[PDB]
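What follows is a set of notes on a single structure, which appears directly below.
Here Cβ is always computed from backbone atoms with ideal geometry, including for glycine, and neighbour counts include all displayed protein chains. Readers should treat all values here as calculations from the given coordinates under stated rules, not as data from a laboratory.
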Amino acid sequence: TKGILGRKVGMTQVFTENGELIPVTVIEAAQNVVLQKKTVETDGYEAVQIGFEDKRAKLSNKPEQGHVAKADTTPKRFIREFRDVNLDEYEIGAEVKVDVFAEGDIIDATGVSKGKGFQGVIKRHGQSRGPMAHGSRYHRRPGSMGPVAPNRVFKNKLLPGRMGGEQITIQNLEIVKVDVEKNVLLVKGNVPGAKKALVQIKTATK
Amino acid sequence: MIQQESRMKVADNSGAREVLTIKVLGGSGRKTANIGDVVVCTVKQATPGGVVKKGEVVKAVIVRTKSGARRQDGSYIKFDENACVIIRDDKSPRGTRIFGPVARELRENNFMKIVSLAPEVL
Amino acid sequence: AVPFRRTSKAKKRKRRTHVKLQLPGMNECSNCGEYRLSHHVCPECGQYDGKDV
Amino acid sequence: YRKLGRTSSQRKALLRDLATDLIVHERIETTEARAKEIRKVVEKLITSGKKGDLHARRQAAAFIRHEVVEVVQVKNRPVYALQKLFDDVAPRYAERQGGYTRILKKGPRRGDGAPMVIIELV
Amino acid sequence: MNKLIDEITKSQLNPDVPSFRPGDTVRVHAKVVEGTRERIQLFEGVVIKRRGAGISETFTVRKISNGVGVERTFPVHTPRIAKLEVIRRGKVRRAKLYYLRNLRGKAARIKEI
RNA sequence: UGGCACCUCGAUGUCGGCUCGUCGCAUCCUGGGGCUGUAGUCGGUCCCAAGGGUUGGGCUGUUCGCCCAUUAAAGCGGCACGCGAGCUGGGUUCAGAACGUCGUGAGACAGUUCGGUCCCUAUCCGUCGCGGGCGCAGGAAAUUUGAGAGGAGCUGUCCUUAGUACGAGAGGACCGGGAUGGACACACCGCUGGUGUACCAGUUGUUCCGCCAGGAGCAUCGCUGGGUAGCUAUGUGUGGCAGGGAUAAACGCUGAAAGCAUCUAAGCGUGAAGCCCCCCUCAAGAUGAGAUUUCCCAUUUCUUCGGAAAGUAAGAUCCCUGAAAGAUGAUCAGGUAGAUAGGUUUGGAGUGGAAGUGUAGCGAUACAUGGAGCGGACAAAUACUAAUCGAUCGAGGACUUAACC
Ligand SMILES: [Mg+2]
Ligand SMILES: [Mg+2]
Ligand SMILES: [Mg+2]
Ligand SMILES: [Mg+2]
Ligand SMILES: [Mg+2]
Ligand SMILES: [Mg+2]
Ligand SMILES: [Mg+2]
Ligand SMILES: [Mg+2]
Ligand SMILES: [Mg+2]
Ligand SMILES: [Mg+2]
Ligand SMILES: [Mg+2]
Ligand SMILES: [Mg+2]
Ligand SMILES: [Mg+2]
Ligand SMILES: [Mg+2]
Ligand SMILES: [Mg+2]
Ligand SMILES: [Mg+2]
Ligand SMILES: [Mg+2]
Ligand SMILES: [Mg+2]
Ligand SMILES: [Mg+2]
Ligand SMILES: [Mg+2]
Ligand SMILES: [Mg+2]
Ligand SMILES: [Mg+2]
Ligand SMILES: [Mg+2]
Ligand SMILES: [Mg+2]
Ligand SMILES: [Mg+2]
Ligand SMILES: [Mg+2]
Ligand SMILES: [Mg+2]
Ligand SMILES: [Mg+2]
Ligand SMILES: [Mg+2]
Ligand SMILES: [Mg+2]
Ligand SMILES: [Mg+2]
Ligand SMILES: [Mg+2]
Ligand SMILES: [Mg+2]
Ligand SMILES: [Mg+2]
Ligand SMILES: [Mg+2]
Ligand SMILES: [Mg+2]
Ligand SMILES: [Mg+2]
Ligand SMILES: [Mg+2]
Ligand SMILES: [Mg+2]
Ligand SMILES: [Mg+2]
Ligand SMILES: [Mg+2]
Ligand SMILES: [Mg+2]
Ligand SMILES: [Mg+2]
Ligand SMILES: [Zn+2]
């Protein structure tokens, strides 16, 4: 089990040696370091804490600056944890490189979706419209709220609200090419989030 | 993208001229057939003195479409009309000649006789 | 689409707990000594950023 | 860009008017968004005046309104906004790259509480 | 843009392709793979459109065969095009030639420059 | 289908369809079994099983029913015959008119026929999203455990085992392995397409810029051909993989009561798409308010102690520039310790060969200078313009017991 953090750079395509053409998404994973190690004698569970991007000392405060100084490095912008990983490696303060992966591994991508605002029930939940001719006055409405007997409306009655912006993971997603010098990672397919988002890449659970 | 009520020209030597599609085979809620897909259909127009008569229920294979297919190498093909070839219970045509170009995807579906008879397999 | 019961005084005041208005964001002009809004031209001495406008 | 409560033709006519009064008077008082929009147009126009071609002059004349700035004893013929833009305003900013205008906030209007500013080119 | 994608994909651009623009006649040597055989067939027609930037650029060629018009779209930098060559230099006034989809002979003719 | 006449006549809207579902099991499909008048393939009947699934049309206002073509299957029922302050108004059930029939007549008919007003700004609970307050025995910044809850759960065809087992032939397997789909779900815009009202070009009528040339206004963006960013499906990627624990019907082992027999009584083993896990998401207001790492510290006045106020530390905000976020709050990126937005300079997509001048032609026009000119939202540099100056909030940590102390 491995894992790094990176930013979603863009979206493109490459030609394989076979001849076919595949879409890939580019992820840049520079400057991530191991910060803290969580153990079962001290915390109750085993994990590693990784920080991703250096940021100006103007933007960081004393608590987090002391936390990162404990591992002899500069304050980081993104900090996350990885479980199900082997604690024998990951010396505190050591850096994680994209070469932990290799061409052909199957990974998992985790990120926060693009944000859609207050969206209706047809975009949000994929409902069906009513007729838009033949005298109808019912086009993009939710539906019946339920029967009469309960004197109330049940839960999970799907209604309009804020649409996007949740955590999404999509899995069993192959890797294509690793460039160590440019700290990039070409991985085949889509990942959630807008450009410049944070993407958490780790070995497939299954 | 050909569904029920779609009406396509037939491109072989049998008596038919024009065909309306009844049902797209290959699933329960299936709603679309494309190149290389067998479809049940009826004859809306025939040439006089042909083998296949008007108002007859037959099955046939789609041979070219205005929205064609994409290939693994990233290339596409598109024709100008939707064409059809009436076939038997197995994959052998009921005519003797085939008119116009024919898409390559028929070879991978094991429609070998039609590919043999076609004047061009693009 | 029409009130079933009239609203009591307690419920009315409870609803109006949030119907106040905030306090203006002002400070004192260095040249004036008088009050003015931040990032605005003061109306008294007509200066902004130590220069006359 | 931002729609200013009016359709595309009315919005374009508003922006052509406001960009012309800034050229003629060098200092006008308007609202906040209405000023944050003419900030861009006036500076693109001044850049066109900086080039100083005939192509640039025609391209600017396709936007300036045709109104007299002031009449001079040259025979006493008037001058127009385009002449001032290409002869007076543009040579001022020969050694300046960008940012030919600034906005200074004033305060709300009595009638409708609109936040008024002052935009003036220096 | 996003110059990092350009750096990643710069190594796979095909430098052998000649310069053509929509409106002129080209001949394409495309590698078609049968069940187990490698073969090259020709595709000749007028280029109808050319869109995109970088490694994701494509072009479209139109031909009339046996009375039915065919259009075929390729990536510019694909390795399945053995060779591309230009025969004629048509004269047009567009960038996308979609009006040729409704014209038959003697009206779908392109002049020469 | 009825019987009764208990609530409602100071009003409880009726059939069918649409949108949206949820529940029962007397199970239509898929899963596991017993008997067979079960050779194989296919069946009949019963038992356990509610996890998911359960089609598109022709006729009729129709429910229903018949028919066409599919499908693994085209389940039966409840919810005011679920759902009209969610929609329709074809039927019934208002005033007009006609037919058949009944009546002397005015008229009538669970007979037919053509036409016929469907009102309402959501107070309380309920449901879907988003904030403010206080609490969590000091004040803050991050990273998290997981009680508990929601989602998902479907299935075909082909190849091989194998023309093997079985069968006189005809025909044709169980069990296991692989490949590829239908419907559904999540994400995204590199590809194919859609849109793109401050992008590019052609063109008609008329008015304007004093005239030519070049442009502008109005005519649905006047019309027409393309199209960037953004948003998108019909486009692309991925998912339901492989499993573990205890069981239901059932099958057994050892074994007496009852010298035998017996799956049960004590004791063991197998056994389902189902139960609990695994997988995805929310989650400490979980008042049972949890854990880890780091930062600030023990000030001054009064108090009858309890306690109060009044400047601060770490930190945060007011205010301002904004977008990858957004109804508004909120979230996120920044505030000269500066690339946050606009401009400027280089580019890019897109359109397609600008103006001026010259040449050829009587002229419309064509060619050259020249992949030219323009170029919203896309990219990189650059403090030129605006994020100036200031103000506000924010701790000194109660008691008891237990271990080195
Ligand atoms: Mg519908
Ligand atoms: Mg309407
Ligand atoms: Mg109740
Ligand atoms: Mg207009
Ligand atoms: Mg191009
Ligand atoms: Mg009854
Ligand atoms: Mg009685
Ligand atoms: Mg009543
Ligand atoms: Mg009443
Ligand atoms: Mg049962
Ligand atoms: Mg069964
Ligand atoms: Mg069975
Ligand atoms: Mg069900
Ligand atoms: Mg009909
Ligand atoms: Mg039901
Ligand atoms: Mg009701
Ligand atoms: Mg009902
Ligand atoms: Mg109804
Ligand atoms: Mg109701
Ligand atoms: Mg009616
Ligand atoms: Mg009447
Ligand atoms: Mg009579
Ligand atoms: Mg009428
Ligand atoms: Mg009618
Ligand atoms: Mg009627
Ligand atoms: Mg309403
Ligand atoms: Mg709260
Ligand atoms: Mg739990
Ligand atoms: Mg609870
Ligand atoms: Mg469910
Ligand atoms: Mg796209
Ligand atoms: Mg596009
Ligand atoms: Mg003229
Ligand atoms: Mg006018
Ligand atoms: Mg247009
Ligand atoms: Mg077991
Ligand atoms: Mg199981
Ligand atoms: Mg806590
Ligand atoms: Mg930006
Ligand atoms: Mg801040
Ligand atoms: Mg800038
Ligand atoms: Mg700098
Ligand atoms: Mg260009
Ligand atoms: Zn002042």
Point to revise | Residue identified as out of contact with any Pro (no Cβ under 8 Å at 6 or more places or on another chain) and assigned to a loop (DSSP other than H, G, I, E, B) among D:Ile46, D:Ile38, D:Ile64, D:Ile28 | key: D:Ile64
Revision key, fill the gap. The residue from E:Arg62, E:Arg89, E:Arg72 that alone is charged (D, E, K, R) and more than 10 Å from the chain's Cα centre (by Cα) is E:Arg89
Study note, to complete from the structure: Checked pairs for the range E:46-60, first near RNA strand F (Cβ under 6 Å from one of its atoms), second of a type in the set (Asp, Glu), C-beta under 9 Å and 6 or more apart or across chains, list as E:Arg51/E:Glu57
Exercise for review: Residue by residue through the range C:6-53, note down the ones that are more than 6 Å from RNA strand F (Cβ to nearest atom), over 25 Å from the mean Cα position of the chain (by Cα) and more than 11 Å from chain D (Cβ to nearest Cβ).
Suggested key: C:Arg6, C:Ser8, C:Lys9, C:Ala10, C:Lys11, C:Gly50, C:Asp52
Check your understanding: Going by the conditions given, is A:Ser128 polar (S, T, N, Q), away from chain E (no Cβ under 14 Å), under 25 Å from A:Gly189 (Cα atoms) and away from ligand 2 (no atom under 16 Å from the Cβ)?
Key -> no
Check your understanding: Would you pick out the residues in the range D:30-85 that are among the β-branched types (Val, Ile, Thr) and either surrounded by fewer than 18 Cβ atoms within 10 Å (Cβ to Cβ) or within 17 Å of D:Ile119 (Cβ to Cβ) (or both)?
Key -> D:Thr30, D:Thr31, D:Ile38, D:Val41, D:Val42, D:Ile46, D:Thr47, D:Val68, D:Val71, D:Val72, D:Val74, D:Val79
Exercise for review: Please state which of the following conditions B:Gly29 fails to meet, knowing it meets all the rest: (1) under 18 Å from E:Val32 (Cβ atoms); (2) surrounded by fewer than 20 Cβ atoms within 10 Å (Cβ to Cβ).
Suggested key: (1)
Exercise for review: Please verify whether the range A:166-179 includes one or more residues that are more than 6 Å from RNA strand F (Cβ to nearest atom) and either touching a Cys at 6+ places or on another chain (Cβ under 8 Å) or in a loop (DSSP other than H, G, I, E, B) (or both).
Suggested key: no
Check your understanding: Which residues, counting only those in the range E:85-110, are in a strand (DSSP E or B) and touching an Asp or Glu at 6+ places or on another chain (Cβ under 8 Å)?
Key -> E:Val86, E:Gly90, E:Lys91
Study note, to complete from the structure: Of the listed residues (A:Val121, A:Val112, A:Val153), the one being over 19 Å from A:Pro23 (Cα atoms) and within 16 Å of ligand 3 (Cβ to nearest atom) is A:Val153
Exercise for review: Taking only the range A:171-187 into account, find how many residues are within 22 Å of A:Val96 (Cβ to Cβ) and either aliphatic (A, V, I, L, M) or more than 14 Å from every other protein chain (Cβ to nearest Cβ) (or both).
Suggested key: 11
Review point. Among the polar types (S, T, N, Q), over 22 Å from C:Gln47 (Cα atoms) and part of a loop (DSSP other than H, G, I, E, B): does that describe D:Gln97?
Key: yes
Study note, to complete from the structure: Residue count, the range A:80-93, condition closer than 15 Å to A:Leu5 by Cβ and not basic (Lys, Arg), comes to 4
Review point. Does the range A:128-183 hold any residues that are within 16 Å of ligand 1 (Cβ to nearest atom) and in contact with a helix residue (DSSP H, G or I) (Cβ under 6 Å, 6 or more places away or on another chain), and which are they?
Key: A:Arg140, A:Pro142
Revision key, fill the gap. Note on the range A:83-139: residues surrounded by 14 or more Cβ atoms within 10 Å (Cβ to Cβ) and assigned to a helix (DSSP H, G or I) are A:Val98, A:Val100, A:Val121, A:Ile122, A:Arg124, A:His125
Exercise for review: With respect to E:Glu44, determine if the residue is more than 11 Å from chain B (Cβ to nearest Cβ), under 30 Å from B:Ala11 (Cα atoms) and either within 16 Å of ligand 44 (Cβ to nearest atom) or loosely packed, with under 15 Cβ neighbours inside 10 Å (or both).
Suggested key: yes
Review point. Under the condition of being of a type in the set (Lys, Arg) and surrounded by 10 or more Cβ atoms within 10 Å (Cβ to Cβ), which residue from the range A:140-157 is farthest from ligand 5 (Cβ to nearest atom)?
Key: A:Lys157
Review point. Quick one: what pairs do we get from the range A:130-151, first residue under 22 Å from A:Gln119 (Cβ atoms), second within 13 Å of ligand 3 (Cβ to nearest atom), C-beta under 9 Å, 6+ apart or different chains?
Key: A:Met145/A:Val153; A:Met145/A:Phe154
Review point. Does the range E:50-63 contain at least one residue that is more than 12 Å from chain B (Cβ to nearest Cβ), assigned to a strand (DSSP E or B) and out of contact with any helix residue (DSSP H, G or I) (no Cβ under 9 Å at 6 or more places or on another chain)?
Key: yes
Practice item. Determine if the range A:107-119 includes at least one residue that is aliphatic (A, V, I, L, M) and over 19 Å from A:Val180 (Cα atoms). Key: yes
Point to revise | Candidates A:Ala109, A:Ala102, A:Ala133, filtered to the one that is more than 6 Å from RNA strand F (Cβ to nearest atom) and touching a strand residue (DSSP E or B) at 6+ places or on another chain (Cβ under 6 Å) | key: A:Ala109
